[PDB]
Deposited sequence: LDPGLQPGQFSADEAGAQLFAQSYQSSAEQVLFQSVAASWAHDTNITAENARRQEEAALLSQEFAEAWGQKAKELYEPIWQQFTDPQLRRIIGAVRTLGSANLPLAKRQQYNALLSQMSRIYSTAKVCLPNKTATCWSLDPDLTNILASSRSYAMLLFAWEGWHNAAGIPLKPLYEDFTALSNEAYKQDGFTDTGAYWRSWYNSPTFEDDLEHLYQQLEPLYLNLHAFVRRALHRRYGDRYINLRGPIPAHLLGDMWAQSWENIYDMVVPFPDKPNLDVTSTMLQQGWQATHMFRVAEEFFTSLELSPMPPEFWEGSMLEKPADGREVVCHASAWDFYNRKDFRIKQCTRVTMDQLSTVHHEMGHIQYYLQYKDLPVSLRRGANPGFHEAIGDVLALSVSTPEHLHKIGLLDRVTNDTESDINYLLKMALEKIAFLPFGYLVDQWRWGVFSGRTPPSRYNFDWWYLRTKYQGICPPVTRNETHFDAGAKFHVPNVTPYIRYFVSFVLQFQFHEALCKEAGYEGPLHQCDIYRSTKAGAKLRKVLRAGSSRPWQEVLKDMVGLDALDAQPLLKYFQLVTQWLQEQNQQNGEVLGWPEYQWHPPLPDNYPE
């Protein structure tokens, strides 16, 4: 570690800790920068030289975290928890967590190589027949092929190309992760991730939430299954069984918006898939990011700075570079550079993604004057919900009309149901998956799920929550969890399930704040500076206050709550139950063992 980046000595008291924290922040910004830059260079231009550079930068981070973490312990272990400055408690608390820096050198190099190589496998896997990439080629197939056999080729190809080679690396990764966090005092890496919510009842609270939401997911499931049955027939849909995992518009069956055309109940109302309008009108990526930006500035939030437009990668390069396509928002920790990396496609759901990713940028912008340690969401769930809150306003028919993507606007119940159904395909269908992914990973980290049951336990969770089955047999050579980006990327997932509930809480608060008197699902906070002021206060707090306190200031409750989500969807909940009863459906999948046959001359 460079001389200038090493800690000195401070007094062993709170006064000295302030100075410690100041000097830490200078050094950290410089180290975070060099690291975020090296990853950027990699993720936008995947080569061996850039990977070796990222690994060297991660190593420098680890030396840093170690020298400053050791020093925080040496000076402040007795006293940091009694400090008067709440923000300084959190900072020192962060600084003393070594994570992977607890590893000895050879194991840090191994850990870093594993992250690098899993990233590269996930992001450069192709399916050949001439080779298709996940984005855009396989995404597109899943979204709008309706050939059972072609969807299967893509689903299986993908899960095979990405899963199988990840498994040896994922096992090694898990061992090293656990080893590292055990020396911070955690029983496993999972306990560490769960500790961010700083809630003794965390697992219980989530299950109380999921139990309240499960009826909606079940009603929707049964409805969609019936729709699928009408198209794909009795051979490939069991009305009493899980849905084949490849028929729902998305590689992970995590969002079902792309099958909207098979379920929409009132096809004579305004068509709420504006994708073809966007294509007809000649939208490009730039436009999408501009329209998101303008939403933000209508709230008196900050615009994207020059550095964002000059630095971002908002399109897949055509120059034959390998990139990580999976959309992400980047803070370089220099208070100046913020960028999005996205292989933006021109569709309505990518319009949401854009807003999602811009939510992150906006958070980065508001809290950039906090100490580096506090430059994060009140919890990771907060960070994920910001863009999604705006996107709820954007998707409303009124707002789509105002940005010229919907030629007229109805305000009738048939339209409301169309709308709420679409939103349910996006939001309610995701709920089981948001919950299940980290359940799988907590199991793996704790040792409940060894390598020999990685795929067994994954599909148990898939069937249990989502009510889907693999469309071909899987076994333990397969590693289907690893064909989902967040797993090889080591990005926690429970934040999304938290986000998907929190976003309706935020929505309801901002709408009330904006003066909006009508049904929640027709609220548009566009141009509400009051709503903006309320959101800004949250963004600016970063992680400097307990999320339960920030939440209470914002929505009046100190806890995640399903009521807003439920009142948002209330009308389509009542509608779906009526339909499912009149069609004599079975809620759930009592024929849990059922799997569909192979197509006749498959794999051809």
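- Mapping the modelled residues onto the deposited sequence reveals one missing stretch, at 130-134.
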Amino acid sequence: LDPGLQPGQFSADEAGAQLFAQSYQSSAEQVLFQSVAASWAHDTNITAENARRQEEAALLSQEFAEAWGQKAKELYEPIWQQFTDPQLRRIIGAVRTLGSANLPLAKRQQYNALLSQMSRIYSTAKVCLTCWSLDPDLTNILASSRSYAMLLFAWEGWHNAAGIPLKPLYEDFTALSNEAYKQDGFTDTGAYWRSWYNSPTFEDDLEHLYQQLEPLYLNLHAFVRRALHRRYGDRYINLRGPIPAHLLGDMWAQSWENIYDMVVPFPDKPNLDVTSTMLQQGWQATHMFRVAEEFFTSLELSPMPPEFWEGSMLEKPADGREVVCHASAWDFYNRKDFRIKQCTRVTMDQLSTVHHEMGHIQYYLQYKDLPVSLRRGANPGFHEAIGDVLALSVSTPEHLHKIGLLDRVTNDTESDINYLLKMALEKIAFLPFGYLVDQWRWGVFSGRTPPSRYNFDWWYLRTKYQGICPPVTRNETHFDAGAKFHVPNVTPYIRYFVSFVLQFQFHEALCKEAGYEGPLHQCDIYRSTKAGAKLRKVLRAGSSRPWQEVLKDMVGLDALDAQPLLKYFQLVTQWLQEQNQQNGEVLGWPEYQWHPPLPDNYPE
From here on, numbers count along this sequence of modelled residues.
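Under this definition, the rigid core comprises the largest set of C-alpha atoms superposing within 1.5 Å between the forms.
- Core superposition of the other structures onto this form places the C-alphas of 405-413 farther off in 6 other deposited structures of this protein than those of the other stretch among 149-157 and 405-413.
- For the pair 353-361 and 77-85, rigid core superposition yields a higher RMS C-alpha distance in 6 other deposited structures of this protein in 77-85.
- Between 77-85 and 504-512, the higher mean Cα B-factor belongs to 77-85.
- As the entry records it, the average C-alpha temperature factor is higher for 318-326, out of 318-326 and 444-452.
- Per the PDB record, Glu310 has a higher Cα B-factor than any other of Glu476, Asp457, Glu384, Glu310.
- Going by the entry's values, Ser133 shows the largest Cα B-factor out of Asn258, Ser133, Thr353, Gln366.
- In the PDB entry, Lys422 places in the middle third of its chain by CA B-factor.
- When all modelled residues of the chain are sorted by CA temperature factor, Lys402 is found within the highest third.
- In the deposited entry, the Cα temperature factor of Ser27 sits in the top third of values across the chain's modelled residues.
- In the PDB entry, a CA B factor belonging to the lowest third of its chain's modelled residues is recorded for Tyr493.
- Among the modelled residues of its chain, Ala245 has a C-alpha B-factor that falls in the middle third according to the deposited record.
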